[PDB]
Amino acid sequence: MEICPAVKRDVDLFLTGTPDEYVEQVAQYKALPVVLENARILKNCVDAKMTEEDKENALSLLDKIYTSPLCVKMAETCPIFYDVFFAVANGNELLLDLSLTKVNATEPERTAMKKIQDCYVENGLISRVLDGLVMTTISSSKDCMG
Amino acid sequence: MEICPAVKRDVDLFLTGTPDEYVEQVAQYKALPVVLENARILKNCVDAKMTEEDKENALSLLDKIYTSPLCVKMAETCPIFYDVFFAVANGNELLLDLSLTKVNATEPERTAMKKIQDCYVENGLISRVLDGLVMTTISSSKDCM
Ligand SMILES: [Ca+2]
Ligand SMILES: [Ca+2]
Ligand SMILES: [Ca+2]
Ligand SMILES: [Ca+2]
């Protein structure tokens, strides 16, 4: 089934919002100081590491995910998104690659997504409380559960 | 709001089921080989590390979570549960302790929950787990609407 719009919004802001716009949006779901602190580290990293072209390619890849049969035609909410998102957040390069292949990622798209994964990995955020909590919280919100 | 029953059931099975029963249930939500491999390692670790007494103390603590105003009276689904769960899954002992105090954990209850957290930390499993994937999948499922 299609992704919850609140989830798509969170990823869009993550990529295209200002740091404040993103972190404040996170704070609406989970206002733990550590979560907000980690969210800002991550967001500052993606802004610095990704060019405009990189962001454009991330967005086109995400559009491929949201429109994939492996997202839409499945019984539950957009399963391939969650596979990709959690591979990114926890630095699983193997599963990320496999999952990007399932949605016909271009090389520039793959490069863009790997930069986001690098921001989790290089800042030591794999074993930190962040997007497992935030993404679970958005996805299970009353907004999404309709 | 009260936790989704399917989430409560998953956690109960994690603690009290056989490894095969727990992994087969995880597979119904997310059948990725890495997820099932990790689920089994984690399950075998908790079964070996936790005494019957530890498991009882964990079940008692979860009950405190499920009945807490910080779970039930909130606008969204059992927020304190998710805080605890993700502090466990990521080996954040500070955040785990802060959350446990909120639900009036006893010392043996803290001890039991730390054993679960230790099983995530053990042998670098925290570096592997796709924490959030299974839990997001159960929590956002049609059954949880
Ligand atoms: Ca940039
Ligand atoms: Ca390029
Ligand atoms: Ca993690
Ligand atoms: Ca035992």
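Heavy atoms only: backbone and side chains are in, while hydrogens, waters and symmetry mates are out. Letters go in sequence order (proteins before strands), and every chain restarts at 1. Numbering of ligands and ligand atoms starts at 1, following listing order.
- Here the options are A:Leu42, A:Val46, A:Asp54, the test is side chain to side chain contact (heavy atoms under 4.5 Å, CB included), and the partner is A:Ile116; only A:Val46 passes.
- The number of heavy-atom neighbours closer than 6.0 Å to CZ of A:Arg9, taken from other residues, nucleotides and ligands shown, is 12 or below.
- Of all heavy-atom pairs spanning A:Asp47 and A:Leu15, the tightest one is OD1-O, 4.3 Å.
- A:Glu53 and A:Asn57 are linked by a side-chain donor-acceptor pair at a separation below 3.5 angstrom, with hydrogens and angles left out of the test.
- Checked by atom type, the side-chain pair A:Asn38/A:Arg128 shows a donor-acceptor distance below 3.5 Å.
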Taking it one step at a time, do A:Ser140 and B:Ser140 satisfy side-chain hydrogen bond (donor to acceptor under 3.5 Å, both in side chains)? CA-CA 5 Å; A:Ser140 67; B:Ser140 65; over 6 Å; no
List the steps and the verdict of disulfide bond (SG atoms under 2.5 Å apart) for A:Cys78 and A:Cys4. CA-CA 8 Å; A:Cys78 203; A:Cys4 177; over 6 Å; no
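- Note on the Ca ion (ligand 3): protein N, O or S atoms under 3.0 Å away count 4, no waters included.
- Salt bridge present: B:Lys49 and B:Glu122 bring a charged side-chain N and a carboxylate O closer than 4.0 Å.
- A distance-only check finds no donor-acceptor pair linking the side chain of B:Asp63 to the backbone of B:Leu59 [under 3.5 Å].
- Near the Ca ion (ligand 1), less than 3.0 Å away, sit the protein N, O or S atoms A:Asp47 O, A:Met50 O.
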